[PDB]
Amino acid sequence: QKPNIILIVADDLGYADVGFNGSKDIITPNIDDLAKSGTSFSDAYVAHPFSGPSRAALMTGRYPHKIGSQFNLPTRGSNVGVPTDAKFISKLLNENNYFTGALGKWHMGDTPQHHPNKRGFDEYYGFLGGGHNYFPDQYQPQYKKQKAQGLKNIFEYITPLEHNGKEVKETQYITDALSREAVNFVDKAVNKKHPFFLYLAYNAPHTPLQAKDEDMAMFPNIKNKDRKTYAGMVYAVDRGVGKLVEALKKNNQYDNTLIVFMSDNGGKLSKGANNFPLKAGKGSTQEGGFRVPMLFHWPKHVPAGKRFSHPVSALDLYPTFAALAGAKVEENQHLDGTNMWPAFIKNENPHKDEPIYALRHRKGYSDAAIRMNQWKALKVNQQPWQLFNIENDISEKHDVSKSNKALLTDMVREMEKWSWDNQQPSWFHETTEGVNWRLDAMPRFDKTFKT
């Protein structure tokens, strides 16, 4: 009965950089097959416009602000991570008889208690930090040189990958390696006789921009060097997905597996991405920062060849997966999303008359976003709040706040109300950021929620 679940998350994948979500230049046949025989989502949102807090939200089902995880972890390492008392969806599923696997990027804490194996994943194969260099032939010599020199703070992008806490010596381009271990994970799952949960966290197409020549060779008409490199990186993810689907079919897992494919946040335009038709990109509270491609694939359950047009949150995956797995959630987990399945099946808005938030901190102020029904409220760059009918003005060109004053004020005040149980950040991505936070009396919600 109970389905296997695969959550595939690309890292900094631009909105228009898969074929099912409008790519004209990058070609993603295998990812598009899953979209063509499943349902894609035109209004899918992550809980934060960059990696660490977005991933924290995927795993915990909570806005990262509620659990002190509003910032990326310190870039040079730390002994902190996403709080251990917020149960990960993997742990919940593992407690309900799932064989659990995590692959690739973690970015949620690298201490013993924060490690994938202590957050409910039986299997982990990957790198624990914010990304990685893609070619072992490049990074392994650099790590050797630095380690032999006696350095202990070695940049996490060149450190060896690990398998369940034991270091390995990777031989393949990282995207191919993660795809290979996805196949290995689902092949191991055959014998288990319970259902499985796989969290596949590709670092592609996140920087550094490094692609195989064989992949870049498939895009001879992309003349921009970065865009061709980026295209090659995305194509490697597509090959990977193809290799995984192959294995699922061989093992007779394909038909009873829910596959979710998405990005952790918007594309970085200066590093090869395209977020058309959305404004801006990674880190923004404009749509381009936190509105992402998403597809569901599960034959006979997810309708084939459809596009779901109502708002869905990455926060919804926790209770949705939980309900589909027959795993009970507790009220004291304070889940911020909803089980979207009943509304999804009726082609209705699972967040009818309810807001979806983004709140991204900057130096001495915060940018914010509110999506509810047709409306997108926007607080950016210390401008006054703006309002867009996002259903007809997806690119956020036509501020209609002047003619909907009471509605806008109401949305902002509800966000203000929501903000009070946000915890003080438990860390920042740089030491100076934490010092500035304190110096600036943050959060400056007097500015953020001013109407």
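A residue's number is simply how far along the shown sequence it sits, counting from 1.
- Look at the mean CA B-factor for 29-37 and for 44-52 in the entry; the higher one is 29-37.
- For the pair 330-338 and 211-219, the record assigns the higher mean C-alpha temperature factor to 330-338.
- The residue among 419, 60, 386, 426 whose C-alpha atom has the highest B-factor in the PDB entry is 386.
- The residue among 286, 265, 133, 252 whose C-alpha atom has the highest B-factor in the PDB entry is 252.
- When the modelled residues of the chain are ordered by C-alpha B-factor, residue 183 sits in the highest third.
- Placement of the Cα temperature factor of residue 95 within the chain: highest third of the modelled residues, per the deposited record.
- In the deposited entry, the Cα temperature factor of residue 305 places it in the highest third of its chain's modelled residues.
- Annotation for residue 111: C-alpha temperature factor in the highest third relative to the rest of the modelled chain, per the entry.
- Among all modelled residues in this chain, the alpha-carbon of residue 123 has a temperature factor (C-alpha) in the lowest third.
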